[PDB]
file data_25.cif (mmCIF, N, CA, C and O atoms)
data_query
#
loop_
_atom_site.label_atom_id
_atom_site.label_comp_id
_atom_site.auth_asym_id
_atom_site.auth_seq_id
_atom_site.Cartn_x
_atom_site.Cartn_y
_atom_site.Cartn_z
N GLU A 1 97.50 28.21 -41.69
CA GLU A 1 96.12 27.80 -41.55
C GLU A 1 96.05 26.30 -41.30
O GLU A 1 96.62 25.51 -42.05
N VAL A 2 95.35 25.91 -40.24
CA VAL A 2 95.19 24.51 -39.88
C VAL A 2 94.58 23.72 -41.04
O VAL A 2 95.15 22.73 -41.49
N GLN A 3 93.44 24.18 -41.54
CA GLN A 3 92.77 23.52 -42.65
C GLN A 3 93.70 23.44 -43.86
O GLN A 3 93.73 22.44 -44.58
N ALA A 4 94.47 24.50 -44.06
CA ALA A 4 95.41 24.58 -45.16
C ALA A 4 96.52 23.55 -45.01
O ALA A 4 96.83 22.81 -45.95
N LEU A 5 97.11 23.50 -43.83
CA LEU A 5 98.19 22.56 -43.55
C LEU A 5 97.70 21.12 -43.64
O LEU A 5 98.43 20.24 -44.09
N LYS A 6 96.45 20.89 -43.25
CA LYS A 6 95.88 19.55 -43.33
C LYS A 6 95.88 19.07 -44.78
O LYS A 6 96.26 17.94 -45.07
N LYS A 7 95.47 19.95 -45.68
CA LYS A 7 95.45 19.62 -47.10
C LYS A 7 96.88 19.46 -47.61
O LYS A 7 97.14 18.65 -48.50
N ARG A 8 97.81 20.19 -47.00
CA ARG A 8 99.21 20.08 -47.36
C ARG A 8 99.70 18.69 -46.98
O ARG A 8 100.37 18.01 -47.77
N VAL A 9 99.33 18.27 -45.78
CA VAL A 9 99.69 16.95 -45.27
C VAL A 9 99.13 15.87 -46.17
O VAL A 9 99.84 14.94 -46.55
N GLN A 10 97.85 15.99 -46.52
CA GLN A 10 97.19 15.03 -47.38
C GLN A 10 97.82 14.99 -48.77
O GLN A 10 98.01 13.92 -49.34
N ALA A 11 98.16 16.17 -49.31
CA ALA A 11 98.79 16.25 -50.62
C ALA A 11 100.14 15.57 -50.59
O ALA A 11 100.49 14.79 -51.49
N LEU A 12 100.89 15.84 -49.54
CA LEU A 12 102.20 15.25 -49.36
C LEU A 12 102.08 13.75 -49.20
O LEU A 12 102.74 13.01 -49.91
N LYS A 13 101.22 13.31 -48.29
CA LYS A 13 101.01 11.89 -48.05
C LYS A 13 100.59 11.18 -49.33
O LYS A 13 101.02 10.06 -49.59
N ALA A 14 99.78 11.85 -50.14
CA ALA A 14 99.33 11.28 -51.40
C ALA A 14 100.53 11.03 -52.32
O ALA A 14 100.64 9.98 -52.95
N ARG A 15 101.43 12.01 -52.38
CA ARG A 15 102.63 11.89 -53.21
C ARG A 15 103.62 10.94 -52.55
O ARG A 15 104.30 10.16 -53.23
N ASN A 16 103.70 11.00 -51.23
CA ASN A 16 104.59 10.15 -50.45
C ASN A 16 104.20 8.69 -50.59
O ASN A 16 105.05 7.83 -50.80
N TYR A 17 102.91 8.43 -50.49
CA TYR A 17 102.38 7.08 -50.61
C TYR A 17 102.74 6.49 -51.97
O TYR A 17 103.17 5.34 -52.06
N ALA A 18 102.57 7.29 -53.02
CA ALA A 18 102.88 6.85 -54.37
C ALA A 18 104.39 6.68 -54.55
O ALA A 18 104.85 5.68 -55.12
N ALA A 19 105.15 7.65 -54.07
CA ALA A 19 106.60 7.62 -54.19
C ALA A 19 107.20 6.44 -53.43
O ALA A 19 108.07 5.75 -53.95
N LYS A 20 106.71 6.20 -52.21
CA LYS A 20 107.20 5.09 -51.39
C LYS A 20 107.04 3.77 -52.13
O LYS A 20 107.97 2.96 -52.18
N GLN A 21 105.86 3.57 -52.72
CA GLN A 21 105.60 2.36 -53.48
C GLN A 21 106.54 2.27 -54.66
O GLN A 21 107.04 1.19 -54.98
N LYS A 22 106.81 3.40 -55.28
CA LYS A 22 107.72 3.47 -56.41
C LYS A 22 109.12 3.05 -55.99
O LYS A 22 109.74 2.22 -56.65
N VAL A 23 109.60 3.61 -54.89
CA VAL A 23 110.93 3.28 -54.39
C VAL A 23 111.06 1.79 -54.11
O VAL A 23 112.03 1.15 -54.52
N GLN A 24 110.08 1.23 -53.40
CA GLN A 24 110.12 -0.19 -53.06
C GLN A 24 109.90 -1.05 -54.30
O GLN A 24 110.44 -2.15 -54.40
N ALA A 25 109.14 -0.53 -55.25
CA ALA A 25 108.89 -1.26 -56.49
C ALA A 25 110.18 -1.29 -57.30
O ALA A 25 110.53 -2.32 -57.88
N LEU A 26 110.87 -0.17 -57.29
CA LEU A 26 112.13 -0.05 -58.00
C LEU A 26 113.21 -0.88 -57.30
O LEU A 26 114.08 -1.43 -57.96
N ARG A 27 113.13 -0.99 -55.98
CA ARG A 27 114.09 -1.80 -55.23
C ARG A 27 113.88 -3.27 -55.57
O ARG A 27 114.80 -4.08 -55.53
N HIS A 28 112.65 -3.60 -55.93
CA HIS A 28 112.30 -4.96 -56.31
C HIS A 28 112.73 -5.20 -57.76
O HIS A 28 113.26 -6.25 -58.12
N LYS A 29 112.47 -4.19 -58.58
CA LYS A 29 112.77 -4.22 -60.00
C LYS A 29 114.28 -4.19 -60.27
O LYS A 29 114.77 -4.92 -61.13
N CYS A 30 115.00 -3.34 -59.55
CA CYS A 30 116.44 -3.20 -59.74
C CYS A 30 117.17 -2.81 -58.46
O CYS A 30 118.03 -1.92 -58.48
N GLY A 31 116.87 -3.47 -57.35
CA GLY A 31 117.54 -3.17 -56.11
C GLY A 31 118.63 -4.18 -55.82
O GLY A 31 118.79 -4.64 -54.69
N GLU B 1 96.85 21.09 -34.00
CA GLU B 1 97.46 22.40 -33.86
C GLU B 1 98.31 22.75 -35.08
O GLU B 1 98.80 21.85 -35.78
N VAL B 2 98.48 24.04 -35.34
CA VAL B 2 99.27 24.52 -36.47
C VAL B 2 100.69 23.96 -36.39
O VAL B 2 101.21 23.42 -37.36
N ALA B 3 101.31 24.09 -35.22
CA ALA B 3 102.66 23.60 -34.99
C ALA B 3 102.76 22.11 -35.28
O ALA B 3 103.74 21.64 -35.86
N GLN B 4 101.73 21.37 -34.88
CA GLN B 4 101.69 19.93 -35.11
C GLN B 4 101.67 19.63 -36.60
O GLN B 4 102.40 18.79 -37.10
N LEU B 5 100.81 20.34 -37.30
CA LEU B 5 100.67 20.17 -38.73
C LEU B 5 101.95 20.57 -39.45
O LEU B 5 102.35 19.92 -40.41
N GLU B 6 102.61 21.61 -38.96
CA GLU B 6 103.86 22.07 -39.55
C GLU B 6 104.95 21.01 -39.39
O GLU B 6 105.72 20.77 -40.32
N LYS B 7 105.00 20.37 -38.23
CA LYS B 7 106.00 19.33 -38.00
C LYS B 7 105.64 18.08 -38.80
O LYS B 7 106.50 17.27 -39.14
N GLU B 8 104.36 17.96 -39.13
CA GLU B 8 103.87 16.84 -39.92
C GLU B 8 104.18 17.09 -41.39
O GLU B 8 104.65 16.19 -42.11
N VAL B 9 103.97 18.33 -41.84
CA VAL B 9 104.28 18.71 -43.20
C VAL B 9 105.77 18.56 -43.43
O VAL B 9 106.20 18.02 -44.45
N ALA B 10 106.56 19.00 -42.46
CA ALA B 10 108.01 18.88 -42.53
C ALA B 10 108.44 17.42 -42.51
O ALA B 10 109.49 17.07 -43.05
N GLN B 11 107.62 16.57 -41.91
CA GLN B 11 107.90 15.15 -41.84
C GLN B 11 107.71 14.55 -43.22
O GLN B 11 108.59 13.85 -43.74
N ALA B 12 106.56 14.84 -43.80
CA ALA B 12 106.23 14.36 -45.13
C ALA B 12 107.19 14.91 -46.17
O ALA B 12 107.67 14.18 -47.02
N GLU B 13 107.48 16.21 -46.06
CA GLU B 13 108.40 16.88 -46.98
C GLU B 13 109.78 16.24 -46.94
O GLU B 13 110.39 16.02 -47.99
N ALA B 14 110.26 15.92 -45.74
CA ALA B 14 111.57 15.29 -45.60
C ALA B 14 111.60 13.94 -46.30
O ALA B 14 112.53 13.65 -47.05
N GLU B 15 110.57 13.13 -46.06
CA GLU B 15 110.48 11.82 -46.70
C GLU B 15 110.30 11.99 -48.20
O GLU B 15 111.02 11.39 -48.98
N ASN B 16 109.34 12.83 -48.57
CA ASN B 16 109.03 13.12 -49.97
C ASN B 16 110.29 13.47 -50.74
O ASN B 16 110.54 12.94 -51.82
N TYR B 17 111.08 14.36 -50.16
CA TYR B 17 112.33 14.80 -50.78
C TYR B 17 113.23 13.61 -51.07
O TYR B 17 113.83 13.52 -52.14
N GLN B 18 113.31 12.70 -50.11
CA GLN B 18 114.15 11.50 -50.24
C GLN B 18 113.56 10.51 -51.23
O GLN B 18 114.30 9.91 -52.02
N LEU B 19 112.25 10.32 -51.18
CA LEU B 19 111.58 9.38 -52.08
C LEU B 19 111.86 9.75 -53.53
O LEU B 19 112.21 8.89 -54.33
N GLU B 20 111.71 11.02 -53.85
CA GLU B 20 111.94 11.50 -55.20
C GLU B 20 113.40 11.30 -55.62
O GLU B 20 113.68 11.00 -56.78
N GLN B 21 114.32 11.45 -54.66
CA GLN B 21 115.74 11.26 -54.95
C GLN B 21 116.00 9.80 -55.28
O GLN B 21 116.69 9.47 -56.25
N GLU B 22 115.44 8.92 -54.46
CA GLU B 22 115.61 7.49 -54.65
C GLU B 22 114.91 7.01 -55.92
O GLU B 22 115.49 6.24 -56.68
N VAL B 23 113.69 7.47 -56.16
CA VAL B 23 112.96 7.08 -57.36
C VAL B 23 113.74 7.51 -58.60
O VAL B 23 113.94 6.72 -59.52
N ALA B 24 114.19 8.76 -58.61
CA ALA B 24 114.96 9.28 -59.73
C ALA B 24 116.21 8.46 -59.97
O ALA B 24 116.53 8.12 -61.11
N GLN B 25 116.91 8.14 -58.89
CA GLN B 25 118.14 7.35 -58.97
C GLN B 25 117.85 5.93 -59.44
O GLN B 25 118.48 5.44 -60.38
N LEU B 26 116.91 5.27 -58.78
CA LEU B 26 116.55 3.90 -59.14
C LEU B 26 116.08 3.82 -60.59
O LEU B 26 116.42 2.88 -61.31
N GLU B 27 115.33 4.81 -61.04
CA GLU B 27 114.85 4.85 -62.42
C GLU B 27 115.99 5.18 -63.37
O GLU B 27 116.10 4.61 -64.45
N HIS B 28 116.84 6.10 -62.97
CA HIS B 28 117.98 6.51 -63.78
C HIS B 28 118.94 5.33 -64.00
O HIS B 28 119.59 5.23 -65.04
N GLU B 29 119.01 4.45 -63.02
CA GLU B 29 119.87 3.28 -63.10
C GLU B 29 119.14 2.08 -63.70
O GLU B 29 119.75 1.20 -64.30
N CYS B 30 117.82 2.04 -63.52
CA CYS B 30 117.01 0.94 -64.02
C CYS B 30 116.03 1.39 -65.10
O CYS B 30 116.22 1.07 -66.27
N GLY B 31 115.00 2.10 -64.66
CA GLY B 31 113.95 2.60 -65.54
C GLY B 31 114.45 3.10 -66.89
O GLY B 31 115.08 4.15 -66.98
#
call {"tool": "encode", "arguments": {"input": "data_25.cif", "output": "structure tokens"}}
result
Amino acid sequence: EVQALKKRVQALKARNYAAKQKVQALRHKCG
Amino acid sequence: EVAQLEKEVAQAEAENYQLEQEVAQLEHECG
């Protein structure tokens, strides 16, 4: 479902956005 | 398109998978 996949994309991006910041934050903290 | 969204979901999923690996590792070593 297009509408379904869109929400999947948004859900992923939401987690991805947070995770990406975490990775770079951690790279700053202990990289 | 569905196919577009699927390749997008797979894009996010691929990154997401890696982000969680890196976050877990960075935290396991630092956090």
call {"tool": "interface_residues", "arguments": {"input": "data_25.cif", "of": "chain B", "to": "chain A", "cutoff": "8 Å", "atoms": "only C-alpha atoms", "output": "list in words"}}
result
residues 1, 2, 5, 6, 8, 9, 12, 13, 15, 16, 19, 20, 22, 23, 26, 27 and 30 of chain B
call {"tool": "atom_distance", "arguments": {"input": "data_25.cif", "atom1": "atom O of residue 24 (chain B)", "atom2": "atom N of residue 7 (chain B)"}}
result
28.4 Å
call {"tool": "atom_distance", "arguments": {"input": "data_25.cif", "atom1": "atom N of residue 31 (chain B)", "atom2": "atom C of residue 28 (chain A)"}}
result
10.3 Å
call {"tool": "axis_aligned_box", "arguments": {"input": "data_25.cif", "around": "region 17-29 of chain A", "padding_each_side": "8 Å", "output": "JSON"}}
result
{"center_x": 108.6, "center_y": 1.1, "center_z": -55.8, "size_x": 28.4, "size_y": 30.7, "size_z": 26.6}
call {"tool": "atom_distance", "arguments": {"input": "data_25.cif", "atom1": "atom N of residue 11 (chain B)", "atom2": "atom N of residue 29 (chain B)"}}
result
26.9 Å
